[PDB]
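Chemist: First, the structure itself, so that you have it in front of you.
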RNA sequence: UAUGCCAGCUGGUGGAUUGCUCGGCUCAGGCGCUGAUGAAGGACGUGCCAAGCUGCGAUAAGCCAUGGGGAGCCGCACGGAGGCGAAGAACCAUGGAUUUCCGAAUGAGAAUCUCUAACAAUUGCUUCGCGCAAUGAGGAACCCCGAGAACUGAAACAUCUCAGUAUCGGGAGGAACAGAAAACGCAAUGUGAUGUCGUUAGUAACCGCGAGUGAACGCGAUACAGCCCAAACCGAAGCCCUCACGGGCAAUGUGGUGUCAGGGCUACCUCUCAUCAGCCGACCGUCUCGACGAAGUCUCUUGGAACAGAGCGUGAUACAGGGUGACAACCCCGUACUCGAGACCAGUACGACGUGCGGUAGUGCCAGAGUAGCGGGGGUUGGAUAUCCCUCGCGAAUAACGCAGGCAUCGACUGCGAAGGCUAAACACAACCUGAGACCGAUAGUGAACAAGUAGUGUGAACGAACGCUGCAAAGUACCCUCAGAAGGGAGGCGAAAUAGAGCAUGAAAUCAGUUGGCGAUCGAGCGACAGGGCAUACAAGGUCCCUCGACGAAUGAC
RNA sequence: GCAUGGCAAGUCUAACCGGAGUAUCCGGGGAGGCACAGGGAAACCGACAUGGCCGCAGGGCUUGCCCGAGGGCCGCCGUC
Ligand SMILES: [Cl-]
Ligand SMILES: [Cl-]
Ligand SMILES: [Cl-]
Ligand SMILES: [Mg+2]
Ligand SMILES: [Mg+2]
Ligand SMILES: [Mg+2]
Ligand SMILES: [Mg+2]
Ligand SMILES: [Mg+2]
Ligand SMILES: [Mg+2]
Ligand SMILES: [Mg+2]
Ligand SMILES: [Mg+2]
Ligand SMILES: [Mg+2]
Ligand SMILES: [Mg+2]
Ligand SMILES: [Mg+2]
Ligand SMILES: [Mg+2]
Ligand SMILES: [Mg+2]
Ligand SMILES: [Mg+2]
Ligand SMILES: [Mg+2]
Ligand SMILES: [Mg+2]
Ligand SMILES: [Mg+2]
Ligand SMILES: [Mg+2]
Ligand code: NA
Ligand code: NA
Ligand code: NA
Ligand code: NA
Ligand code: NA
Ligand code: NA
Ligand code: NA
Ligand code: NA
Ligand code: NA
Ligand code: NA
Ligand code: NA
Ligand code: NA
Ligand code: NA
Ligand code: NA
Ligand code: NA
Ligand code: NA
Ligand code: NA
Ligand code: NA
Ligand code: NA
Ligand code: NA
Ligand code: NA
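Chains as they are written, first to last, in PDB author numbering: chain S, 1 to 119; chain N, 1 to 115; chain C, 1 to 246; chain K, 1 to 83, 89 to 150.
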């Protein structure tokens, strides 16, 4: 589909498992070197650095990853509510860079290392 | 509202020559070419043969076609000739472009108009 | 006339005779007509539903209630063209023939003439192409067909002082209007046409604004995009030769 | 700019009284209606005329005039030269779906010609002989009596 | 100067405009049957809280297996509480479980419930027992067989035309139908099943010979494919059910042979590579899906945000398209390249197994009857004497015969064998999948971008709308005052912006409130045009204008 | 009918086939149509590649006098 309507449609109606690819982020030079991938599916364990928003520059640990809305919560990247409470300011993986990985998953690390599959 | 840039130019040249040189045939041909294509000349050899005469350039304000036979050794000048016409003519005379006629003879002299 | 063949380094390497067709008198009108036809012939047939707005039993009350005689249903006007939700009077129609014919003679002639346009440095400059060369078209050794990396074709071009044209086509235009909503958001200048002989240049095709074509079927569109004669082309020793009989 | 393009704002689009352009009444009826009454003008008259012979009882002669043959004798280098001799059947196009080839006598004959066909007209023979030529009738031509 | 007129300014009303597209419309390729093993459709259920939609079915937004996938998840749906997931969940693929009631609805009855073992009904086989089976109904259209208008055209109208159309009855499939000459009839020393496409041709033919109607052979293409009975001659050598036993069928003939390259029979020659039956069984291609997949997120400025400007650099068999806080090949999905899987092609092609082809001479042994054909009456067609069919009556031959070749009869010539049967591929449609676009862009385009065949109307058949847009992020306004108040208002807070504050982008006109300029309570009505005065006017985008005098000075032209 | 454009005693392909960059496009395909002769119901027959005169444009000459396409008037030819 080269047609915009279909492009956007498929992206918005992609089943859960096909949404993982929507929360992917570029890997630091060191890591790309180490695993032979340009980016990865950000997990709630990784550490990441903000490259584009009003928070560009800051780093933090990924606190949450929503597959439905394709967005992540990074620790300390928040908004000041009226009542004074502090809440997370969703971020698009595309303006983010992974600097550290949580590889507590045998499976995740496997995929990461293998050269025939990406994580 | 002619479309052919070439036909268009040819006509401009025909004029410039009729104005400059004392030519009157060139300005005459220009006027016929400016007229609708349907009024243009479509002449077959059979006719040229019938009214032309050596040493007098035959001027066809149109196109020359190859039906019929030509024996006279005449010089014919048209806007265009079918491939058969130009072949049949160069056999006994010479098929020439009007752009050449205008240069070799800007005075439009010793010319016979045929349509 | 003569054609200066170039080796993959950009150095002169002999020269062949420029076939006669490149002497065919440039006829932009015919060229234009051939491009128009090609562009129309690929347009898709469309038209509104045959029954759009007619799916109703609406009727007009006629005189008597101080109302215009307009068919209505459930007190709502319907069917007629001047009625919201009514049929479209004279809409687009699937049946319409949106194709254009063209005499093979007239078309081949335009192909020849487009070819010829390629051999005139001035025309090619007017068409707008950017380059610092005197001879044109650019003829190259058949070894070109063996290239594989785009980057290598770039170097060759830079050596041939022609890369400036791709620099020109290296700019996309985001179109004004809704074409955008139909997937026609962008558009870009046309750059170099590479005509080979065995197969289109895989190595050159992705180049900004470039188009690749083969001598046996290269056409008026590639030769003269948008009906405008004089496209900065680069033939293949063999290509150049093939083209001569088209 | 075309005429149609200039119609917006003319109201009547060139029809005159807005009362004119309605239905077939403005045409005097649908199609050829009244070809015999109000619009009889310029309609071939009513009536039957003659008869036709069943299609498969009809013969179609492929014709050609001496003038054509003669005008291209030289050009027909791929055809017998003698004291020229040409079989018409090989010259005339459409000479296959034709029931037979016939030469007609239109024009001149400036060469001595030996013509072979299925049929000729007086004019054709006279002219061909008068130029020191001969006309040979084909075996098919053997249908004269 | 009240009531008020004209124009503007601020605010409103309203929702046009511009921008945007989760929807349409259209074309294209692929694919294509479901149902008594109870479908399609409907009803009612089913969630912690659950009204709608979706899913599902008392195992009820689900249960199992295998593969994929992966750190997240608990549908649309962003709440609250709680829960599930490394015992690999979610999610996807295939297969399997469950699958209420009505529904062809089939035990019987019934507005979705009820009453006391059920293929109801009609059939085939039959162990004559519902024992074994069939049918029923659905489906976007397409297809095939029957029934069959009128408006309209003819400028009226009746034949004719609309039209074998609309509509109605019956039925199949994934395609249908047709199909291997009692053909053609460029008449031939010729072609050789059938559809379809292009043409033949608005030709021939029809027709108040008006209006109108309208083929075929052939040709060029697409795709190709050819066979089986009946009978003669044999005569139980046969077939079905069952593991078997055993049963049933069958001399009113199962089975062999045979089918115009006529056959059979008798005597011979030679041979099989035809055909038919059964076995095996794809490649390629095409459609869809998937794996992998290069290169910046560097400097300065502007900005809320760089996807902007300037600078520096990179990939490209990849500069299609999309996403991302603004114009992104290099930030993300993808895209080129390579590879894998399913489906279709196709139980087809190829291969192989069995069978046996063919030829000579003799032989009046065999070869489809209410048929061929004629007549009465109609329908239909271009079919005219010469289309196809229906109905009533009549009615033949037997290959030594018969039918046809566009009137009848007889002869010749040429073609060909009806009254039995089957048949792949090429063609139609568009439900389903996918792709596409000089189509529309929210009064458009579907009726339907939204609860859409929804809300709602009608006893019913049926009819049938309107409603898209906060923001980069909810940061969706804490706290205080007021108030009968979770209303509203004030003050305040967020944000680049709240004149982005919730049907919240922009925000036209008609129009309303307040207000500024002009006019105004002694005066007249197409509301203006062109002249000329008053008053009024920030900048910008126009910069001219006034008087003395003097120069020039057409027609005209004095005191 | 017209204007423009291609080719010209010719001209154009249709369905369809192959290629490809795969609805475009390159190549192939002339079946067939129209034009190349008409007249006649039909049978059937079958025409001036110019013989004479005016004469526009244009050309020529020794400056009204020649040559004069196209055009106009006749002849003559085919057929009923
Ligand atoms: Cl002529
Ligand atoms: Cl006739
Ligand atoms: Cl035939
Ligand atoms: Mg890896
Ligand atoms: Mg509408
Ligand atoms: Mg616009
Ligand atoms: Mg008006
Ligand atoms: Mg029941
Ligand atoms: Mg009536
Ligand atoms: Mg009438
Ligand atoms: Mg059919
Ligand atoms: Mg009448
Ligand atoms: Mg009819
Ligand atoms: Mg026929
Ligand atoms: Mg048998
Ligand atoms: Mg009828
Ligand atoms: Mg609508
Ligand atoms: Mg009622
Ligand atoms: Mg608003
Ligand atoms: Mg007063
Ligand atoms: Mg032919
Ligand atoms: Na409706
Ligand atoms: Na009214
Ligand atoms: Na069309
Ligand atoms: Na008019
Ligand atoms: Na009118
Ligand atoms: Na009429
Ligand atoms: Na009359
Ligand atoms: Na399907
Ligand atoms: Na609910
Ligand atoms: Na189920
Ligand atoms: Na049953
Ligand atoms: Na029973
Ligand atoms: Na009428
Ligand atoms: Na009447
Ligand atoms: Na009639
Ligand atoms: Na033939
Ligand atoms: Na981004
Ligand atoms: Na009868
Ligand atoms: Na026959
Ligand atoms: Na709307
Ligand atoms: Na032809």
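Even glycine gets a Cβ: it sits at the ideal position worked out from N, Cα and C.
Along chain N, which residues have their Cβ under 9 angstroms away from the Cβ of residue 19 of chain C?
Modeler: Counting from one through the third chain, the residue named residue 19 of chain C turns up at place 19. In chain order: nothing, as chain N lies at least about 20 angstroms away.
Chemist: If you count every other CB in all the chains shown that lies within 10 Å of the CB of residue 61 of chain N, and 16 or more means buried, which is it?
Modeler: Position 61 of the second chain, counted from the first residue, corresponds to residue 61 of chain N. The residue in question, residue 61 of chain N, is buried, as its Cβ has 16 or more Cβ neighbours within 10 Å.
Chemist: From this set, S:2, S:14, S:99 and S:7, which residue's C-alpha is nearest residue 70 of chain S's C-alpha?
Modeler: Walking along the first chain from the start, residue 70 of chain S turns up at place 70. Of the listed residues, the one whose Cα sits closest to residue 70 of chain S is S:14.
Chemist: Determine whether the beta carbon atoms of residue 13 of chain N and residue 99 of chain N lie at a separation below 9 angstroms.
Modeler: As a working note, residue 13 of chain N is residue 13 in the second chain. As a working note, residue 99 of chain N is residue 99 in the second chain. Yes; because the gap between Cβ atoms is below 9 angstroms, this pair is in contact.
Chemist: CB-CB under 8 angstroms to residue 5 of chain C, same chain, minus the five flanking residues each way: which ones, in chain order?
Modeler: The count along the third chain starts at 1 and reaches residue 5 of chain C at position 5. 12, 13, 14, 15, 16, 139, 140, 141 and 237, listed in sequence order.
Chemist: Contact check, residue 125 of chain C vs residue 166 of chain C under 8 angstroms by CB: the rounded distance?
Modeler: On the third chain, residue 125 of chain C is found 125 positions in, with the first residue counted as 1. On the third chain, residue 166 of chain C is found 166 positions in, with the first residue counted as 1. Incorrect: roughly 16 angstroms between the Cβ atoms, too far for contact.
Chemist: Taking the CB atoms as reference points, tell me whether residue 150 of chain K and residue 132 of chain K lie closer together than 9 angstroms.
Modeler: Numbered from its first residue, the fourth chain carries residue 150 of chain K at position 145. Numbered from its first residue, the fourth chain carries residue 132 of chain K at position 127. Against a cut-off of 9 angstroms, the Cβ pair of residue 132 of chain K and residue 150 of chain K comes out as no contact.
Chemist: Determine, using beta carbons only, whether residue 28 of chain C comes closer than 9 angstroms to chain N.
Modeler: One-based indexing of the third chain puts residue 28 of chain C at position 28. Cβ-Cβ to chain N under 9 angstroms: yes for residue 28 of chain C.
Chemist: Evaluate contact between the segment 75–91 of chain C and the segment 43–52 of chain C, counting only Cβ atoms and requiring at least three cross-stretch pairs below 8 angstroms.
Modeler: These segments touch.
Chemist: Under 9 angstroms Cβ-Cβ, which residues of chain N neighbour residue 25 of chain C?
Modeler: On the third chain, position 25 is the one that residue 25 of chain C refers to. Per Cβ cutoff of 9 angstroms: 6.
Chemist: CB residue 48 of chain S to CB residue 36 of chain S, shorter than 9 angstroms?
Modeler: On the first chain, position 48 is the one that residue 48 of chain S refers to. On the first chain, position 36 is the one that residue 36 of chain S refers to. No, these two residues do not count as a Cβ contact at 9 angstroms.
Chemist: At the 9 angstroms Cβ level, is residue 120 of chain S part of the contact set with chain C, yes or no?
Modeler: Beyond the ends of chain S as shown, which are 1 and 119, falls residue 120 of chain S; an answer cannot be given.
Chemist: Does the beta-carbon of residue 172 of chain C have 16 or more other beta-carbons within 10 angstroms, so that it is buried, or is it exposed?
Modeler: Position 172 of the third chain, counted from the start, is the residue given in the question as residue 172 of chain C. Under this definition residue 172 of chain C is an exposed residue.
Chemist: Excluding the five sequence neighbours on either side, which residues of its own chain have a C-beta within less than 7 angstroms of the C-beta of residue 154 of chain C, listed in chain order?
Modeler: Sequence index remark: in the third chain, residue 154 of chain C carries index 154 (1-based). If we look at residue 154 of chain C and ignore the five residues flanking it on each side, its Cβ neighbours are 163.
Chemist: In the structure shown, what three-state DSSP assignment does residue 82 of chain C receive?
Modeler: The residue labelled residue 82 of chain C in the question sits at position 82 within the third chain. Three-state DSSP puts residue 82 of chain C in coil, outside helix and strand.
Chemist: DSSP puts residue 231 of chain C in a beta bridge; with which residues?
Modeler: Locating residue 231 of chain C in the third chain gives position 231, where the first residue counts as 1. None, per the DSSP bridge assignment.
Chemist: Would you say residue 84 of chain N lies against chain C (beta-carbon separation less than 9 angstroms)?
Modeler: Reading the second chain from its first residue, position 84 is the one you call residue 84 of chain N. False, the Cβ-Cβ gap to chain C never drops below 9 angstroms.
Chemist: Does residue 146 of chain C pass the burial test, meaning 16 or more other C-beta atoms within 10 Å, or should it be called exposed?
Modeler: Here the question's residue 146 of chain C lines up with position 146 in the third chain. Looking at its Cβ environment, which holds fewer than 16 other Cβ atoms inside 10 Å, residue 146 of chain C is exposed.
Chemist: So what's residue 92 of chain N in DSSP terms, helix, strand or just coil?
Modeler: Position 92 of the second chain, counted from the first residue, corresponds to residue 92 of chain N. Helix at residue 92 of chain N.
Chemist: So which residues touch the region around ligand 26, with touch meaning a C-beta under 6 angstroms from any heavy atom?
Modeler: Every residue passing the under-6 angstroms Cβ criterion appears here: K:12, K:15, K:18, K:20 and K:21.
Chemist: For residue 39 of chain N, which three-state DSSP category applies?
Modeler: As a working mapping, residue 39 of chain N is identified with position 39 in the second chain. The answer is helix: DSSP assigns residue 39 of chain N an H, G or I state.
Chemist: Whose CB is closer than 7 angstroms to a heavy atom of ligand 23? List the residues in chain order.
Modeler: Residues with a Cβ closer than 7 angstroms to any heavy atom of ligand 23, in chain order: C:66, C:67 and C:68.
Chemist: Do you know whose CA, among K:75, K:126 and K:94, lies nearest residue 103 of chain K's CA?
Modeler: By 1-based counting over the fourth chain, the position of residue 103 of chain K is 98. Among K:75, K:126 and K:94, the Cα nearest to that of residue 103 of chain K is on K:94.
Chemist: When the distance is taken between beta carbons, is residue 44 of chain K closer than 9 angstroms to residue 28 of chain K?
Modeler: In the fourth chain, residue 28 of chain K corresponds to position 28, counting from 1. In the fourth chain, residue 44 of chain K corresponds to position 44, counting from 1. No; because the gap between Cβ atoms is not below 9 angstroms, this pair is not in contact.
Chemist: Using the beta-carbon of each residue, which ones in chain C are nearer than 8 angstroms to residue 87 of chain N?
Modeler: As a working mapping, residue 87 of chain N is identified with position 87 in the second chain. Within chain C, no residue comes near residue 87 of chain N; the closest Cβ sits about 18 angstroms away, beyond 8 angstroms.
Chemist: What does the Cβ neighbour count give for residue 51 of chain K, buried or exposed, with the cut at 16 atoms within 10 Å?
Modeler: In the fourth chain, the residue the question calls residue 51 of chain K occupies position 51. Looking at its Cβ environment, which holds fewer than 16 other Cβ atoms inside 10 Å, residue 51 of chain K is exposed.
Chemist: Going by CA-CA distance only, name the one from C:25, C:121 and C:97 that's closest to residue 43 of chain C.
Modeler: Here residue 43 of chain C refers to the residue found at position 43 when the third chain is read from its first residue. For residue 43 of chain C, the nearest C-alpha among the options comes from C:97.
Chemist: For my contact list, residue 3 of chain K and residue 63 of chain K are in at a C-beta cut-off of 8 angstroms; report their separation, rounded to the angstrom.
Modeler: Start at 1 with the first residue of the fourth chain, and residue 3 of chain K comes out as number 3. Start at 1 with the first residue of the fourth chain, and residue 63 of chain K comes out as number 63. Residue 3 of chain K to residue 63 of chain K, Cβ: 47 angstroms. No contact.
Chemist: Which runs of the beta strand (DSSP E) fall wholly inside the segment 101–177 of chain C and span at least 3 residues, in chain order?
Modeler: Runs found: 138–140.
Chemist: For residue 3 of chain N, return the contacting residues in chain C, with the cut-off set at a CB-CB distance below 8 angstroms.
Modeler: Locating residue 3 of chain N in the second chain gives position 3, counting from the first residue. Residues of chain C passing the Cβ test: 29.
Chemist: Figure out for me which residue from N:92, N:5 and N:40 has the closest Cα to the Cα of residue 114 of chain N.
Modeler: For the purposes of this step, residue 114 of chain N is identified with residue 114 of the second chain, where counting begins at 1. The candidate whose alpha carbon is nearest that of residue 114 of chain N is N:40.
Chemist: So, are the CB atoms of residue 38 of chain C and residue 220 of chain C less than 9 angstroms apart?
Modeler: For the purposes of this step, residue 38 of chain C is taken as the residue at position 38 of the third chain. For the purposes of this step, residue 220 of chain C is taken as the residue at position 220 of the third chain. Yes.
Chemist: Can at least three beta-carbon pairs, one atom from the segment 224–244 of chain C and one from the segment 131–138 of chain C, be found at a separation below 8 angstroms?
Modeler: The segment 224–244 of chain C is in contact with the segment 131–138 of chain C.
Chemist: Taking the C-alpha atoms as reference points, what is the distance between residue 58 of chain K and residue 82 of chain K?
Modeler: Here the question's residue 58 of chain K lines up with position 58 in the fourth chain. Here the question's residue 82 of chain K lines up with position 82 in the fourth chain. Their Cα atoms are separated by approximately 38 angstroms.
Chemist: Is it the case that the Cβ atoms of residue 52 of chain N and residue 74 of chain N are separated by a distance below 9 angstroms?
Modeler: Translated into positions along the second chain, residue 52 of chain N becomes position 52. Translated into positions along the second chain, residue 74 of chain N becomes position 74. Against a cut-off of 9 angstroms, the Cβ pair of residue 74 of chain N and residue 52 of chain N comes out as a contact.
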